[PDB]
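**Q** Sharing a structure with you now.
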Amino acid sequence: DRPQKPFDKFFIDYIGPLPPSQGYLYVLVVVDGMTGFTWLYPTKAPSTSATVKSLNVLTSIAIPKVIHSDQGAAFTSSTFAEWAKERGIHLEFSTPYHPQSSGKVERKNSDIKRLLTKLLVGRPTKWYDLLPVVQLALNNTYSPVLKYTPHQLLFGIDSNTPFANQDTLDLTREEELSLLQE
Amino acid sequence: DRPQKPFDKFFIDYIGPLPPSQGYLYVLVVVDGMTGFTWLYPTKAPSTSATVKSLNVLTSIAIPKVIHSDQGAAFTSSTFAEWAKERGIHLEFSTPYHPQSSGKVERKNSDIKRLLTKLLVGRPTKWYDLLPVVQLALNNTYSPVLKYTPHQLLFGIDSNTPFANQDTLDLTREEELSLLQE
Amino acid sequence: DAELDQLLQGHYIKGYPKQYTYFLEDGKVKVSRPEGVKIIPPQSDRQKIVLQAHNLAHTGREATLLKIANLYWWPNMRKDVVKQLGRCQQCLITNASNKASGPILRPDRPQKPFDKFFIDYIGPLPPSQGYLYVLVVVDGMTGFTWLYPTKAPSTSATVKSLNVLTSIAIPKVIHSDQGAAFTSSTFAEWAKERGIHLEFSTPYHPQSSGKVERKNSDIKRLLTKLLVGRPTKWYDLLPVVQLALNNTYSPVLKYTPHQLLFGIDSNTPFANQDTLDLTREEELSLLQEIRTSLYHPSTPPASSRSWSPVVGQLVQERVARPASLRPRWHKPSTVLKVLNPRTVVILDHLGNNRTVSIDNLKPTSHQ
Amino acid sequence: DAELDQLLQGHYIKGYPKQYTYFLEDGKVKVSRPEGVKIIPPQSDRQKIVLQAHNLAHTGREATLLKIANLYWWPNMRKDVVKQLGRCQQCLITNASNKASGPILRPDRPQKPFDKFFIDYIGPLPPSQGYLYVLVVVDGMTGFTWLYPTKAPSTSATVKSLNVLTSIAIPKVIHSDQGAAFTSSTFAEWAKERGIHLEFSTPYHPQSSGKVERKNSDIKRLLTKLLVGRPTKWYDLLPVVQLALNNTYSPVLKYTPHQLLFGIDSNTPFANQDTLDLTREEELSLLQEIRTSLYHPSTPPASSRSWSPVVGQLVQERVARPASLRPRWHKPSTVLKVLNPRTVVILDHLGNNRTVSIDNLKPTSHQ
DNA sequence: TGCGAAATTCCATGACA
DNA sequence: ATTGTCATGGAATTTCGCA
DNA sequence: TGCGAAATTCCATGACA
DNA sequence: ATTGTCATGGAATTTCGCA
Ligand SMILES: COC(=O)CCc1cnc2c(c1)c(N)c(C(=O)NCc1ccc(F)cc1F)c(=O)n2O
Ligand SMILES: COC(=O)CCc1cnc2c(c1)c(N)c(C(=O)NCc1ccc(F)cc1F)c(=O)n2O
Ligand SMILES: [Mg+2]
Ligand SMILES: [Mg+2]
Ligand SMILES: [Mg+2]
Ligand SMILES: [Mg+2]
Ligand SMILES: [Mg+2]
Ligand SMILES: [Mg+2]
Ligand SMILES: [Zn+2]
Ligand SMILES: [Zn+2]
């Protein structure tokens, strides 16, 4: 079998609804299966329109051979199917109620949910501006299995923003209390 | 003595007052002494101002060493004297009531007065537009003494408007009668 | 499919080299070339493939081929690529030329004064005494120049000024560019009435009026120096500038335009007095000899990759004032006649005859 | 008069050749030279004579001398003529240069992606969806390009777009021209906050941003072809154009900007499949070798009459947006340091330090 | 028949919207 | 049916002044 | 070891306001 | 403190297919 490569498969999913931040409520998560590289797009609804509008930005940079997602309504619509067919993208769905992907992608999506929660507290409505720094952190995080960051696997170089200070990713006692009040 | 040359001496004089033509009443006549070449400038008064304004046009093409004229007030004024001194032009006046110049210039000024009279009749107020064709005629008229036209002596070439049909320069019987009525 | 059929069994077909193994796989004819395994599409599919690769970014010969060569191979690919490039209308009218024009002509200096005038307008300038433009009239043989201030580059202001000028002498020919003041019928009737032949530059090619255009430079340059530190009141300086330039030496000619016109300086500063002892006739004799011995330049060497027009060739005229995001070149045209190596008549994109300069043409690529 | 006194009696004076007869006539010292009889003005009058002849039309060396030589002669006339030309302020700031710049530099390609960005604005364009400009961001190593539509070339629109871009990676350096959007303090604070060093072209010299300026051409050229026959609705085409050019082959490099950035094509038409059997690590190993073996051009030959700047030399900066009938050159300046054969620091006409390109300088003539 | 310096010629450069 | 041009100042070349 | 043709490389040209 | 660039298509050169 052929070795796995970037752009072979994109894993997409929606995070939300979140507290309103500049009119946005959701985050469309796109993770490259081979490198673990992550793109984050803010949307206003888990709709096919918002999905197509956001992926149109990503696919003007690189087009995946396959997109994988759960059976969410935005992804199983005939509109999204026509959008994927026009670009030569094959759609691949996980079985209902049985979400699956890969160990690397599962853990990456775990990190994203946790990293967002830690910065939600204290400023739940300012996450729109933090999405850029969130992606840099996720993409320059060291991978124990591959022994390389997503940035290095995608570009073949070291990054100008190496996140050496590996964050705790756990909620401190104060943040635990303050998040509970909401 | 040095042979006579163009621009050695300009002879100037005023013709008028004439019937009003586009607001002008006089003609400032300038004749080069050596070639017989003639410039005609329409003015509104035999004044120093009109004289300076008209000669300023001519002296942006060629500047004479000497200007000769009668003792008319416009030429004997201290303003015109300062104008001539600024340009290095020497002023030369004929004795009061004893106008003099040269045979060639005397005859040229005769032709100009006669040629203007012949075209004044019938259209006494349209001479402003005819001044261009009047100069071409005067300057391409054959000289019996020098056996060359003013155009040829000034430029050293034949002219693109050779006036072969030498006009009568005399008033026909009809023009004699019609001019008398005015 | 019939051609590719005999290839799979082992028969020879011209264009397909014999020393390679052509096999079938996934319902596609393939071949093992040094660069890798490529698909050999049937003849009937090759035009559509070249089209799809070209249309990605409307790339030229090599950038289109490199895309096709990633997947396919067939005999003489670039031949089919060049075939599509010559049929792509968007590429033909948008791309730039890469062939320079032939070397410039140095037309003969007019033999006599008043043989040919070159006229043109300068402006608009800063308003001075209510005036905005300057009519520049240059005698082609002498360089002698007349300056007239106007309020607009109008036909009416041109006729007014030339009526005053031609009080001294009538020219044979007046040469102008195709500006509005000079191409009106009113200007043509004014010239026909006086035996003056009007001669027009090819459109949008100021080189053709280069004699007066070059004088325009000297005029502006001297006006600039005279107005340093002062407000730009240029109206009262035109006579000063006209007289100054008409008496300025051309270092290569060794004469001033005044001297070439009259053969003797007037009462200006530093008047040359060399002919003081000659008669006027001896002076004019020396003048006719000087006028015929003036330096004349020669056509320069052609550049490495220049083109020269041929009757029947496909060429394209440059678009005059192209809008934003619009092509810079017209649809292809046919060359009708070659008046000189730098001037041609073409069958226009509208359908008319048009006399144009080669600098506003490109040869249509890929024939 | 003391010098010219000994000349009349027959004594020798250095500079005055002995084999000529110098006599007196009309109260003026004269000499019979081959060209004719000329006046020898005393030393104390020669400066004023050169000045009067020059000021007629502010002529250069030979045209000024020919005027003087009509009447006068003295030892080393042109020496006194050049002396006045170097003191005429109006001539020094108005005349054109006749020495070309030294040959261009071909700076090293950035070694890695995201080492250096080149950014610039295109526009204004025909209004499309309310947008008028395009921010163009070009990675210097790969040529990979990002296109952002804006309503103005503003600092606020630049920060907004670069915040979205740098979501993927932060560059070391951003290179821009000195347009207003990039030179504001708000843009500097935005870059300092991110460890980005801002690097600015020399003023009024778009060659220095040549990497992105050249990409601007490809962008407009492709937009033009796509909009032939249609109304100029370019907003919805920017993503199409960005993707098309990022996957277009450079014939001299043999690679597309996408390939140089990622080392492997994505699911685009005609995707190159050469590395399908290598692992990603073997692919990235081949990518680092390709990135260091790319073609790099060399400095071209200097032209026949080029000048190169020297510390302490007098030079003059080109006037940015010169008004009508105003000089094109500033008062002379002194070269302080030579950063490279094409870039210098000068002591400005106002009094400041200024880093300028040699293409916007001329050496002051006559020292 | 030859040398150093001055005088002259050569000619690339750039701007005429 | 029309067509580049020429001032400018360093450099290259010729000429001059003298022996 | 050499030929005709195809494939590849060379590189002047021109436009990025 | 900063620096020209590169798609394009004929032409020039190299390589290929075959003997
Ligand atoms: C329909 O035809 C038109 O509208 C022509 C308008 C017109 C008239 N006179 C012009 C121009 C255009 C013009 N573009 C130019 C012009 O671009 N001059 C610059 C110029 C460029 C190169 C050159 F070798 C000489 C030049 F004067 C011009 O000088 N004149 O006199
Ligand atoms: C105070 O500084 C300013 O106002 C500079 C304004 C400005 C900004 N961007 C520019 C320009 C001027 C500008 N003149 C140009 C410009 O003239 N471009 C044409 C151009 C000419 C030669 C070249 F080699 C490349 C080019 F893009 C430009 O491309 N950009 O991006
Ligand atoms: Mg989901
Ligand atoms: Mg009188
Ligand atoms: Mg014009
Ligand atoms: Mg013009
Ligand atoms: Mg810019
Ligand atoms: Mg630009
Ligand atoms: Zn095309
Ligand atoms: Zn001056």
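All residue names refer to the structure tokens as shown: chains lettered A, B, ... in order, residues numbered from 1 in each chain, ligands numbered from 1 in order.
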DSSP on the backbone: what in range 206-365 of chain D comes out strand (DSSP E or B), as a PyMOL selection string?

**A** chain D and resi 250+255+306-307+314-318+329+333-340+343-347+353-357+361-363

**Q** Let me see the file: selected residues, N, CA and C atoms, as an mmCIF file, in the first residue's frame.

**A**
```cif
data_model
loop_
_atom_site.group_PDB
_atom_site.id
_atom_site.type_symbol
_atom_site.label_atom_id
_atom_site.label_comp_id
_atom_site.auth_asym_id
_atom_site.auth_seq_id
_atom_site.Cartn_x
_atom_site.Cartn_y
_atom_site.Cartn_z
ATOM 1 N N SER D 250 6.585 27.025 -13.117
ATOM 2 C CA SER D 250 7.562 27.983 -13.608
ATOM 3 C C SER D 250 8.508 27.230 -14.534
ATOM 4 N N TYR D 255 8.975 23.616 -11.244
ATOM 5 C CA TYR D 255 8.129 23.336 -10.092
ATOM 6 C C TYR D 255 7.083 24.432 -9.963
ATOM 7 N N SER D 306 27.930 53.668 -17.158
ATOM 8 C CA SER D 306 27.289 53.566 -15.858
ATOM 9 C C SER D 306 28.154 54.219 -14.786
ATOM 10 N N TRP D 307 27.497 54.653 -13.714
ATOM 11 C CA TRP D 307 28.167 55.264 -12.579
ATOM 12 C C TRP D 307 27.863 54.466 -11.321
ATOM 13 N N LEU D 314 28.958 64.094 -4.538
ATOM 14 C CA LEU D 314 27.757 64.905 -4.693
ATOM 15 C C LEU D 314 26.798 64.183 -5.630
ATOM 16 N N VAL D 315 25.588 63.915 -5.140
ATOM 17 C CA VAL D 315 24.531 63.283 -5.916
ATOM 18 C C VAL D 315 23.247 64.079 -5.705
ATOM 19 N N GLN D 316 22.233 63.761 -6.504
ATOM 20 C CA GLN D 316 20.952 64.455 -6.420
ATOM 21 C C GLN D 316 19.820 63.446 -6.489
ATOM 22 N N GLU D 317 18.842 63.593 -5.597
ATOM 23 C CA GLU D 317 17.698 62.695 -5.545
ATOM 24 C C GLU D 317 16.604 63.176 -6.489
ATOM 25 N N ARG D 318 15.967 62.227 -7.170
ATOM 26 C CA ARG D 318 14.852 62.552 -8.047
ATOM 27 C C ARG D 318 13.671 63.071 -7.236
ATOM 28 N N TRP D 329 14.769 67.338 -10.139
ATOM 29 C CA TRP D 329 15.849 66.912 -9.261
ATOM 30 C C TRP D 329 15.979 67.859 -8.078
ATOM 31 N N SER D 333 23.210 66.536 -2.817
ATOM 32 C CA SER D 333 23.367 65.895 -1.520
ATOM 33 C C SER D 333 24.700 65.161 -1.480
ATOM 34 N N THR D 334 25.139 64.836 -0.268
ATOM 35 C CA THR D 334 26.384 64.109 -0.060
ATOM 36 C C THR D 334 26.100 62.654 0.288
ATOM 37 N N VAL D 335 26.847 61.751 -0.341
ATOM 38 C CA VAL D 335 26.722 60.329 -0.041
ATOM 39 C C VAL D 335 27.406 60.049 1.290
ATOM 40 N N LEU D 336 26.666 59.456 2.225
ATOM 41 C CA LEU D 336 27.207 59.145 3.543
ATOM 42 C C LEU D 336 27.792 57.737 3.606
ATOM 43 N N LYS D 337 27.024 56.732 3.191
ATOM 44 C CA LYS D 337 27.472 55.348 3.220
ATOM 45 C C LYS D 337 26.943 54.624 1.990
ATOM 46 N N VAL D 338 27.688 53.616 1.551
ATOM 47 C CA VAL D 338 27.319 52.791 0.407
ATOM 48 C C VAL D 338 26.966 51.413 0.956
ATOM 49 N N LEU D 339 25.665 51.139 1.087
ATOM 50 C CA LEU D 339 25.225 49.864 1.646
ATOM 51 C C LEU D 339 25.459 48.720 0.664
ATOM 52 N N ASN D 340 25.221 48.969 -0.618
ATOM 53 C CA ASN D 340 25.587 48.059 -1.694
ATOM 54 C C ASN D 340 25.708 48.890 -2.966
ATOM 55 N N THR D 343 22.494 50.851 -3.437
ATOM 56 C CA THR D 343 21.779 51.510 -2.354
ATOM 57 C C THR D 343 22.746 52.372 -1.559
ATOM 58 N N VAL D 344 22.324 53.597 -1.236
ATOM 59 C CA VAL D 344 23.156 54.538 -0.495
ATOM 60 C C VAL D 344 22.321 55.285 0.533
ATOM 61 N N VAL D 345 23.017 55.834 1.523
ATOM 62 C CA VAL D 345 22.461 56.811 2.452
ATOM 63 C C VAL D 345 22.999 58.176 2.062
ATOM 64 N N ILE D 346 22.129 59.182 2.045
ATOM 65 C CA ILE D 346 22.531 60.536 1.676
ATOM 66 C C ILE D 346 22.133 61.499 2.777
ATOM 67 N N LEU D 347 22.853 62.613 2.860
ATOM 68 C CA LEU D 347 22.449 63.729 3.715
ATOM 69 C C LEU D 347 21.433 64.558 2.935
ATOM 70 N N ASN D 353 18.806 61.970 7.280
ATOM 71 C CA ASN D 353 19.360 60.801 6.616
ATOM 72 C C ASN D 353 18.271 60.116 5.803
ATOM 73 N N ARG D 354 18.625 59.686 4.596
ATOM 74 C CA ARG D 354 17.665 59.049 3.706
ATOM 75 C C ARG D 354 18.346 57.904 2.976
ATOM 76 N N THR D 355 17.706 56.739 2.989
ATOM 77 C CA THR D 355 18.182 55.571 2.263
ATOM 78 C C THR D 355 17.434 55.501 0.940
ATOM 79 N N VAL D 356 18.169 55.625 -0.167
ATOM 80 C CA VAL D 356 17.569 55.765 -1.485
ATOM 81 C C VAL D 356 18.217 54.790 -2.459
ATOM 82 N N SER D 357 17.471 54.472 -3.514
ATOM 83 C CA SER D 357 17.987 53.638 -4.587
ATOM 84 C C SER D 357 18.781 54.484 -5.572
ATOM 85 N N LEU D 361 18.833 58.566 -8.277
ATOM 86 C CA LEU D 361 19.937 59.486 -8.062
ATOM 87 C C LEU D 361 20.626 59.775 -9.383
ATOM 88 N N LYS D 362 21.245 60.946 -9.457
ATOM 89 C CA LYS D 362 22.214 61.231 -10.496
ATOM 90 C C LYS D 362 23.448 61.849 -9.854
ATOM 91 N N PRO D 363 24.632 61.576 -10.399
ATOM 92 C CA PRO D 363 25.822 62.302 -9.950
ATOM 93 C C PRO D 363 25.753 63.745 -10.423
#
```

**Q** What do you get as a ChimeraX atom specification if you pick all residues at most 12 Å from ligand 5, counting only C-alpha atoms (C1' of nucleotides) and all ligand atoms?

**A** /C:118-124,133-137,153-154,175-183,200-210,212-213,216 /E:16-17

**Q** Would you list which chain H residues are within 7 Å of chain D using only C-alpha atoms (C1' of nucleotides), as a PyMOL selection string?

**A** chain H and resi 1-6

**Q** Please produce a file of the residues just selected, as a short mmCIF file (atom, residue, chain, number, x, y, z; two decimals), in the first residue's frame, where the atoms kept are N, CA and C atoms (P, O5', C5', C4', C3', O3' and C1' of nucleotides).

**A**
```cif
data_model
loop_
_atom_site.label_atom_id
_atom_site.label_comp_id
_atom_site.auth_asym_id
_atom_site.auth_seq_id
_atom_site.Cartn_x
_atom_site.Cartn_y
_atom_site.Cartn_z
"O5'" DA H 1 17.30 47.25 9.35
"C5'" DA H 1 18.30 48.24 9.16
"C4'" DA H 1 17.85 49.28 8.15
"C3'" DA H 1 18.42 49.09 6.76
"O3'" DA H 1 17.62 48.17 5.96
"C1'" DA H 1 18.45 51.41 7.43
P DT H 2 16.03 48.35 5.73
"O5'" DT H 2 15.89 48.29 4.14
"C5'" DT H 2 16.07 49.47 3.37
"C4'" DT H 2 17.00 49.22 2.19
"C3'" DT H 2 16.61 48.05 1.27
"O3'" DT H 2 16.63 48.49 -0.08
"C1'" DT H 2 18.89 47.94 1.84
P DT H 3 15.59 47.89 -1.15
"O5'" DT H 3 16.53 47.21 -2.25
"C5'" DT H 3 17.73 47.86 -2.65
"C4'" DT H 3 18.61 46.92 -3.47
"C3'" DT H 3 17.87 46.13 -4.55
"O3'" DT H 3 18.71 45.97 -5.68
"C1'" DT H 3 18.89 44.64 -3.05
P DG H 4 18.26 46.57 -7.11
"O5'" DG H 4 16.97 45.71 -7.50
"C5'" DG H 4 17.12 44.38 -7.99
"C4'" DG H 4 15.79 43.64 -7.94
"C3'" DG H 4 15.83 42.18 -8.39
"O3'" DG H 4 15.14 41.37 -7.44
"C1'" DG H 4 14.15 43.36 -9.57
P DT H 5 15.21 39.77 -7.51
"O5'" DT H 5 13.98 39.38 -8.46
"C5'" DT H 5 12.67 39.77 -8.09
"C4'" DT H 5 11.65 39.25 -9.09
"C3'" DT H 5 11.98 37.88 -9.70
"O3'" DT H 5 10.96 36.96 -9.35
"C1'" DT H 5 11.29 39.46 -11.37
P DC H 6 11.20 35.38 -9.47
"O5'" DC H 6 10.42 34.99 -10.80
"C5'" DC H 6 9.03 35.21 -10.87
"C4'" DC H 6 8.54 35.16 -12.30
"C3'" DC H 6 8.93 33.91 -13.08
"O3'" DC H 6 7.87 33.55 -13.93
"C1'" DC H 6 9.59 35.77 -14.26
#
```

**Q** Leaving out range 16-19 of chain B and any residue of its chain fewer than 6 positions from it, which residues lie within 10 Å of it when counting only C-alpha atoms (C1' of nucleotides), given as a PyMOL selection string?

**A** chain B and resi 25-28+43-46+120+123-127

**Q** So that I can check the surroundings of residue 14 in chain H, please list as a list in words every protein, DNA and RNA residue that reaches within 12 Å of it, counting only C-alpha atoms (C1' of nucleotides) and ignoring chain neighbours fewer than 2 positions away.

**A**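 That gives residues 6, 7, 8, 9 and 10 of chain G; 12 and 16 of chain H.
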
**Q** Neighbours of ligand 9 within 6 Å, counting only C-alpha atoms (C1' of nucleotides) and all ligand atoms, as a VMD selection string?

**A** chain C and resid 58 88 90 to 91

**Q** How would you write, as a compact mmCIF listing (two decimals) with N, CA and C atoms, in the first residue's frame, the set of residues no farther than 8 Å from ligand 3 when counting only C-alpha atoms (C1' of nucleotides) and all ligand atoms?

**A**
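Okay, out14.txt is ready:
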```txt
# COMPACT_ATOMS: atom_id res chain seq x y z
N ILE A 12 -13.32 16.70 9.21
CA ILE A 12 -14.03 17.92 9.55
C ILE A 12 -15.11 17.61 10.57
N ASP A 13 -15.45 18.62 11.37
CA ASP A 13 -16.46 18.51 12.42
C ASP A 13 -16.76 19.91 12.93
N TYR A 14 -17.90 20.05 13.60
CA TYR A 14 -18.34 21.32 14.15
C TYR A 14 -18.23 21.32 15.67
N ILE A 15 -17.77 22.44 16.22
CA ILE A 15 -17.71 22.67 17.66
C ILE A 15 -18.68 23.80 17.98
N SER A 69 -16.28 12.86 7.84
CA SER A 69 -17.07 13.53 8.86
C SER A 69 -18.08 12.55 9.44
N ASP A 70 -18.75 12.98 10.51
CA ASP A 70 -19.90 12.24 11.01
C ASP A 70 -21.09 12.52 10.09
N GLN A 71 -22.22 11.87 10.37
CA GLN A 71 -23.44 12.05 9.58
C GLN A 71 -24.22 13.31 9.96
N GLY A 72 -23.54 14.38 10.37
CA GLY A 72 -24.24 15.63 10.64
C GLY A 72 -24.94 16.16 9.40
```

**Q** Can you pull out every residue within 9 Å of residue 94 in chain C, counting only C-alpha atoms (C1' of nucleotides), but drop anything in the same chain fewer than 6 positions away, and send it as a ChimeraX atom specification?

**A** /C:326-330 /D:221-222,224-225

**Q** Residues within 9 Å of residue 48 in chain B, please, as a list in words. Count only C-alpha atoms (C1' of nucleotides); anything in the same chain fewer than 2 positions from it doesn't count.

**A**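 Counting only the stated atoms, we get residues 45, 46, 50, 51, 52, 53, 73, 74, 75, 76, 77, 79 and 80 of chain B.
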
**Q** Mind checking which residues fall within 9 Å of residue 105 in chain B, counting only C-alpha atoms (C1' of nucleotides), ignoring those fewer than 4 positions away in the same chain, and posting them as a ChimeraX atom specification?

**A** /B:11,31-34,36,101,109-110

**Q** Could you list, as a PDB file with C-alpha atoms, in the first residue's frame, every residue of chain D that has an atom within 9 Å of an atom of chain C, counting only C-alpha atoms?

**A**
```pdb
ATOM      1  CA  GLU D  35      38.828  81.265 -37.401  1.00  0.00           C
ATOM      2  CA  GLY D  36      39.075  85.061 -37.441  1.00  0.00           C
ATOM      3  CA  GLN D  52      25.866  86.086 -20.061  1.00  0.00           C
ATOM      4  CA  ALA D  53      26.370  83.471 -22.782  1.00  0.00           C
ATOM      5  CA  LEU D  56      20.702  83.029 -22.937  1.00  0.00           C
ATOM      6  CA  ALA D  57      19.187  79.530 -23.001  1.00  0.00           C
ATOM      7  CA  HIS D  58      21.006  77.801 -20.098  1.00  0.00           C
ATOM      8  CA  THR D  59      22.985  75.752 -22.604  1.00  0.00           C
ATOM      9  CA  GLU D  62      29.591  73.123 -26.251  1.00  0.00           C
ATOM     10  CA  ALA D  63      26.520  75.258 -27.000  1.00  0.00           C
ATOM     11  CA  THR D  64      27.741  77.876 -24.512  1.00  0.00           C
ATOM     12  CA  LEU D  66      30.153  78.252 -29.520  1.00  0.00           C
ATOM     13  CA  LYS D  67      28.389  81.471 -28.488  1.00  0.00           C
ATOM     14  CA  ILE D  68      31.455  82.851 -26.694  1.00  0.00           C
ATOM     15  CA  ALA D  69      33.828  81.823 -29.500  1.00  0.00           C
ATOM     16  CA  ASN D  70      31.837  84.022 -31.905  1.00  0.00           C
ATOM     17  CA  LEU D  71      33.379  87.104 -30.272  1.00  0.00           C
ATOM     18  CA  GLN D  89      21.602  75.959  -9.638  1.00  0.00           C
ATOM     19  CA  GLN D  90      18.781  76.005 -12.206  1.00  0.00           C
ATOM     20  CA  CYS D  91      20.734  73.832 -14.649  1.00  0.00           C
ATOM     21  CA  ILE D  93      18.292  70.621 -10.797  1.00  0.00           C
ATOM     22  CA  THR D  94      16.514  70.670 -14.182  1.00  0.00           C
ATOM     23  CA  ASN D  95      18.811  68.874 -16.641  1.00  0.00           C
ATOM     24  CA  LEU D 125     -10.081  48.183  -9.676  1.00  0.00           C
ATOM     25  CA  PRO D 126     -13.669  48.304 -10.970  1.00  0.00           C
ATOM     26  CA  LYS D 220      -4.113  40.777 -13.460  1.00  0.00           C
ATOM     27  CA  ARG D 221      -3.263  38.850 -16.629  1.00  0.00           C
ATOM     28  CA  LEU D 222      -5.285  35.817 -15.534  1.00  0.00           C
ATOM     29  CA  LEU D 223      -8.187  37.935 -14.262  1.00  0.00           C
ATOM     30  CA  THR D 224      -8.240  39.690 -17.646  1.00  0.00           C
ATOM     31  CA  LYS D 225      -8.531  36.436 -19.603  1.00  0.00           C
ATOM     32  CA  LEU D 226     -11.220  35.053 -17.288  1.00  0.00           C
ATOM     33  CA  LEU D 227     -13.303  38.234 -17.635  1.00  0.00           C
ATOM     34  CA  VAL D 228     -13.162  38.553 -21.440  1.00  0.00           C
ATOM     35  CA  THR D 232     -15.555  42.797 -14.547  1.00  0.00           C
ATOM     36  CA  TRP D 234     -13.473  39.898 -10.075  1.00  0.00           C
ATOM     37  CA  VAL D 241      -6.894  32.887  -9.472  1.00  0.00           C
ATOM     38  CA  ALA D 244      -4.503  28.515 -10.291  1.00  0.00           C
ATOM     39  CA  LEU D 245      -1.272  30.503  -9.985  1.00  0.00           C
ATOM     40  CA  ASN D 247      -0.274  25.436  -8.961  1.00  0.00           C
ATOM     41  CA  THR D 248       1.232  26.853 -12.174  1.00  0.00           C
ATOM     42  CA  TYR D 249       4.636  25.605 -13.290  1.00  0.00           C
ATOM     43  CA  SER D 250       7.562  27.983 -13.608  1.00  0.00           C
ATOM     44  CA  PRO D 251       9.309  26.691 -16.769  1.00  0.00           C
ATOM     45  CA  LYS D 254      10.353  23.022 -13.181  1.00  0.00           C
ATOM     46  CA  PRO D 269      -6.059  18.648 -11.937  1.00  0.00           C
ATOM     47  CA  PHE D 270      -2.945  16.961 -13.342  1.00  0.00           C
ATOM     48  CA  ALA D 271      -1.440  16.309  -9.916  1.00  0.00           C
ATOM     49  CA  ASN D 272       2.146  15.073 -10.121  1.00  0.00           C
ATOM     50  CA  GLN D 273       2.351  11.536  -8.693  1.00  0.00           C
ATOM     51  CA  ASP D 274       6.107  10.914  -8.877  1.00  0.00           C
ATOM     52  CA  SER D 324       4.273  71.156 -13.886  1.00  0.00           C
ATOM     53  CA  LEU D 325       7.173  73.360 -15.027  1.00  0.00           C
ATOM     54  CA  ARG D 326       9.136  72.435 -11.889  1.00  0.00           C
ATOM     55  CA  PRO D 327      12.582  70.799 -11.605  1.00  0.00           C
TER      56      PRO D 327
END
```

**Q** Hey, can you check how far CA of residue 278 in chain C sits from CA of residue 23 in chain D?

**A** 24.3 Å

**Q** So how many Å separate CA of residue 26 in chain D and CA of residue 84 in chain D, to one decimal?

**A** 28.9 Å

**Q** DSSP on the backbone: what in range 140-353 of chain C comes out helix (DSSP H, G or I), as a PyMOL selection string?

**A** chain C and resi 155-165+180-183+185-192+206-226+235-246+257-262+280-292

**Q** Only residues of chain D matter here; which ones have an atom within 7 Å of chain E, counting only C-alpha atoms (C1' of nucleotides)? Give them as a VMD selection string.

**A** chain D and resid 96 to 100 305

**Q** What are the residues of chain B that have an atom within 6 Å of an atom of chain C, counting only C-alpha atoms, as a PyMOL selection string?

**A** chain B and resi 2-3+7+60+62-65+132+155-156
